[PDB]
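Asker: Sharing data_13.pdb here; it has PDB, C-alpha atoms.
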```
ATOM      1  CA  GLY A 348       0.000   0.000   0.000  1.00  0.00           C
ATOM      2  CA  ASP A 349       0.742   3.706   0.193  1.00  0.00           C
ATOM      3  CA  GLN A 350       1.178   6.087   3.147  1.00  0.00           C
ATOM      4  CA  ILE A 351       4.507   4.834   4.469  1.00  0.00           C
ATOM      5  CA  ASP A 352       6.706   6.408   7.154  1.00  0.00           C
ATOM      6  CA  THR A 353       9.304   7.888   4.848  1.00  0.00           C
ATOM      7  CA  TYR A 354      11.115   9.973   7.494  1.00  0.00           C
ATOM      8  CA  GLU A 355      10.444   8.745  11.011  1.00  0.00           C
ATOM      9  CA  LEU A 356      11.371   5.143  11.710  1.00  0.00           C
ATOM     10  CA  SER A 357      11.538   1.546  10.633  1.00  0.00           C
ATOM     11  CA  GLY A 358       8.353  -0.058  11.869  1.00  0.00           C
ATOM     12  CA  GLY A 359       6.289  -3.195  11.748  1.00  0.00           C
ATOM     13  CA  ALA A 360       7.970  -6.148  10.077  1.00  0.00           C
ATOM     14  CA  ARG A 361      11.084  -4.263   9.016  1.00  0.00           C
ATOM     15  CA  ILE A 362      12.181  -4.936  12.590  1.00  0.00           C
ATOM     16  CA  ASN A 363      11.667  -8.682  12.095  1.00  0.00           C
ATOM     17  CA  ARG A 364      14.047  -8.659   9.140  1.00  0.00           C
ATOM     18  CA  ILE A 365      16.587  -7.235  11.560  1.00  0.00           C
ATOM     19  CA  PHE A 366      16.101 -10.346  13.691  1.00  0.00           C
ATOM     20  CA  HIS A 367      16.667 -12.474  10.583  1.00  0.00           C
ATOM     21  CA  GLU A 368      19.973 -10.617   9.981  1.00  0.00           C
ATOM     22  CA  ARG A 369      20.942 -10.304  13.681  1.00  0.00           C
ATOM     23  CA  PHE A 370      20.629 -14.020  14.399  1.00  0.00           C
ATOM     24  CA  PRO A 371      23.937 -14.365  12.493  1.00  0.00           C
ATOM     25  CA  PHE A 372      25.407 -12.251  15.285  1.00  0.00           C
ATOM     26  CA  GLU A 373      24.187 -14.669  17.940  1.00  0.00           C
ATOM     27  CA  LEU A 374      25.704 -17.555  15.995  1.00  0.00           C
ATOM     28  CA  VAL A 375      29.216 -16.056  16.332  1.00  0.00           C
ATOM     29  CA  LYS A 376      29.139 -15.407  20.083  1.00  0.00           C
ATOM     30  CA  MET A 377      29.531 -19.161  20.589  1.00  0.00           C
ATOM     31  CA  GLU A 378      33.245 -18.964  21.339  1.00  0.00           C
ATOM     32  CA  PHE A 379      35.303 -21.965  22.424  1.00  0.00           C
ATOM     33  CA  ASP A 380      38.767 -22.566  23.838  1.00  0.00           C
ATOM     34  CA  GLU A 381      40.976 -24.113  21.161  1.00  0.00           C
ATOM     35  CA  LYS A 382      43.013 -26.190  23.612  1.00  0.00           C
ATOM     36  CA  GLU A 383      39.786 -27.799  24.833  1.00  0.00           C
ATOM     37  CA  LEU A 384      38.963 -28.741  21.259  1.00  0.00           C
ATOM     38  CA  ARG A 385      42.383 -30.353  20.860  1.00  0.00           C
ATOM     39  CA  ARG A 386      42.047 -32.088  24.239  1.00  0.00           C
ATOM     40  CA  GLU A 387      38.685 -33.559  23.319  1.00  0.00           C
ATOM     41  CA  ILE A 388      39.850 -34.621  19.858  1.00  0.00           C
ATOM     42  CA  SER A 389      42.736 -36.465  21.506  1.00  0.00           C
ATOM     43  CA  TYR A 390      40.581 -38.255  24.066  1.00  0.00           C
ATOM     44  CA  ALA A 391      38.091 -39.066  21.313  1.00  0.00           C
ATOM     45  CA  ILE A 392      40.711 -40.783  19.171  1.00  0.00           C
ATOM     46  CA  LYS A 393      42.020 -42.720  22.162  1.00  0.00           C
ATOM     47  CA  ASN A 394      38.545 -43.835  23.214  1.00  0.00           C
ATOM     48  CA  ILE A 395      37.619 -44.769  19.641  1.00  0.00           C
ATOM     49  CA  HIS A 396      40.570 -47.087  19.038  1.00  0.00           C
ATOM     50  CA  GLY A 397      40.075 -48.763  22.419  1.00  0.00           C
ATOM     51  CA  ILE A 398      42.308 -51.789  23.016  1.00  0.00           C
TER      52      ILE A 398
ATOM     53  CA  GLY B 348      -5.355  52.636 -26.177  1.00  0.00           C
ATOM     54  CA  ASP B 349      -3.065  55.643 -26.328  1.00  0.00           C
ATOM     55  CA  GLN B 350      -1.720  58.025 -23.665  1.00  0.00           C
ATOM     56  CA  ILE B 351       0.614  55.657 -21.829  1.00  0.00           C
ATOM     57  CA  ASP B 352       3.188  56.522 -19.147  1.00  0.00           C
ATOM     58  CA  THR B 353       6.323  56.429 -21.262  1.00  0.00           C
ATOM     59  CA  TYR B 354       8.670  57.917 -18.631  1.00  0.00           C
ATOM     60  CA  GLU B 355       7.285  57.611 -15.117  1.00  0.00           C
ATOM     61  CA  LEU B 356       6.439  54.127 -13.900  1.00  0.00           C
ATOM     62  CA  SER B 357       5.051  50.683 -14.507  1.00  0.00           C
ATOM     63  CA  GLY B 358       1.410  50.771 -13.498  1.00  0.00           C
ATOM     64  CA  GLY B 359      -1.777  48.785 -13.540  1.00  0.00           C
ATOM     65  CA  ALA B 360      -1.345  45.198 -14.676  1.00  0.00           C
ATOM     66  CA  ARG B 361       2.342  45.519 -15.508  1.00  0.00           C
ATOM     67  CA  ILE B 362       2.789  44.914 -11.789  1.00  0.00           C
ATOM     68  CA  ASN B 363       0.736  41.711 -12.043  1.00  0.00           C
ATOM     69  CA  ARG B 364       3.065  40.371 -14.721  1.00  0.00           C
ATOM     70  CA  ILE B 365       5.818  40.831 -12.159  1.00  0.00           C
ATOM     71  CA  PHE B 366       3.900  38.479  -9.865  1.00  0.00           C
ATOM     72  CA  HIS B 367       3.648  35.970 -12.720  1.00  0.00           C
ATOM     73  CA  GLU B 368       7.459  36.152 -13.118  1.00  0.00           C
ATOM     74  CA  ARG B 369       8.227  36.422  -9.372  1.00  0.00           C
ATOM     75  CA  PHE B 370       6.320  33.293  -8.394  1.00  0.00           C
ATOM     76  CA  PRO B 371       9.290  31.389  -9.887  1.00  0.00           C
ATOM     77  CA  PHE B 372      11.316  33.082  -7.151  1.00  0.00           C
ATOM     78  CA  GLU B 373       8.998  31.767  -4.448  1.00  0.00           C
ATOM     79  CA  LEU B 374       9.360  28.278  -5.912  1.00  0.00           C
ATOM     80  CA  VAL B 375      13.136  28.262  -5.240  1.00  0.00           C
ATOM     81  CA  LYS B 376      13.005  29.280  -1.572  1.00  0.00           C
ATOM     82  CA  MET B 377      11.719  25.779  -0.800  1.00  0.00           C
ATOM     83  CA  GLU B 378      15.094  24.581   0.462  1.00  0.00           C
ATOM     84  CA  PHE B 379      15.687  21.179   2.040  1.00  0.00           C
ATOM     85  CA  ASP B 380      18.489  19.469   3.944  1.00  0.00           C
ATOM     86  CA  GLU B 381      20.113  16.862   1.701  1.00  0.00           C
ATOM     87  CA  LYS B 382      20.928  14.439   4.517  1.00  0.00           C
ATOM     88  CA  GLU B 383      17.246  14.452   5.452  1.00  0.00           C
ATOM     89  CA  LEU B 384      16.360  13.534   1.888  1.00  0.00           C
ATOM     90  CA  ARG B 385      18.773  10.592   2.003  1.00  0.00           C
ATOM     91  CA  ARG B 386      17.481   9.580   5.442  1.00  0.00           C
ATOM     92  CA  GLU B 387      13.903   9.604   4.236  1.00  0.00           C
ATOM     93  CA  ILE B 388      14.710   7.677   1.061  1.00  0.00           C
ATOM     94  CA  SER B 389      16.413   5.028   3.194  1.00  0.00           C
ATOM     95  CA  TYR B 390      13.557   4.636   5.662  1.00  0.00           C
ATOM     96  CA  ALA B 391      11.116   4.557   2.755  1.00  0.00           C
ATOM     97  CA  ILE B 392      12.897   1.652   1.081  1.00  0.00           C
ATOM     98  CA  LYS B 393      13.134  -0.234   4.370  1.00  0.00           C
ATOM     99  CA  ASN B 394       9.454   0.302   5.169  1.00  0.00           C
ATOM    100  CA  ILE B 395       8.434  -0.661   1.627  1.00  0.00           C
ATOM    101  CA  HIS B 396      10.140  -4.062   1.578  1.00  0.00           C
ATOM    102  CA  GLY B 397       8.741  -4.958   5.007  1.00  0.00           C
ATOM    103  CA  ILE B 398       9.329  -8.568   6.079  1.00  0.00           C
TER     104      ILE B 398
END
```
Can the structure in the file be given as structure tokens, please?

Answerer:
Amino acid sequence: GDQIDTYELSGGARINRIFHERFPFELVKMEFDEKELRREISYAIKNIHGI
Amino acid sequence: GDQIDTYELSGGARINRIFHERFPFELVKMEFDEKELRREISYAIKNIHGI
């Protein structure tokens, strides 16, 4: 339709699209310690071989 | 007709024609801030897409 808010603010569902392109920001806060990744890879190999 | 004011002054409707060619001067006082035009274009595009 017509009669849009050309000057004031983003409103309605244009905020939702921000969620859809802010979720990528939440997906990169999931930090991890590298040395824990190497530790767990090592213990995984050892437990997978077995005897 | 005859008997016009060849030396003294513009008079009668020759002032009106000045209005007709001064209105163009009123039409160029309508100044705007450019960064507000860009702001409003931006918020218009964002509100037009929507979700």

Asker: Compile the residues of chain A that lie within 9 Å of chain B, evaluated using all atoms listed in the file, and express the compilation as an MDAnalysis selection string.

Answerer: chainID A and resid 348:349 351:364

Asker: What does the distance between CA of residue 367 in chain B and CA of residue 379 in chain B come to in Å, to one decimal place?

Answerer: 24.1 Å

Asker: With 6 Å added on each side, what axis-aligned box encloses every listed atom of range 378-395 of chain B? Give the centre and edge lengths in Å to one decimal, as JSON.

Answerer:
```
{"center_x": 14.7, "center_y": 12.0, "center_z": 3.1, "size_x": 24.5, "size_y": 37.2, "size_z": 17.2}
```

Asker: Measure the distance from CA of residue 350 in chain A to CA of residue 378 in chain B in Å and round it to one decimal.

Answerer: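 Value for the CA of residue 350 in chain A-CA of residue 378 in chain B distance: 23.3 Å.
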
Asker: Would you work out the distance separating CA of residue 368 in chain A from CA of residue 381 in chain A, expressed in Å to one decimal?

Answerer: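 Computing the Euclidean distance for CA of residue 368 in chain A and CA of residue 381 in chain A yields 27.4 Å.
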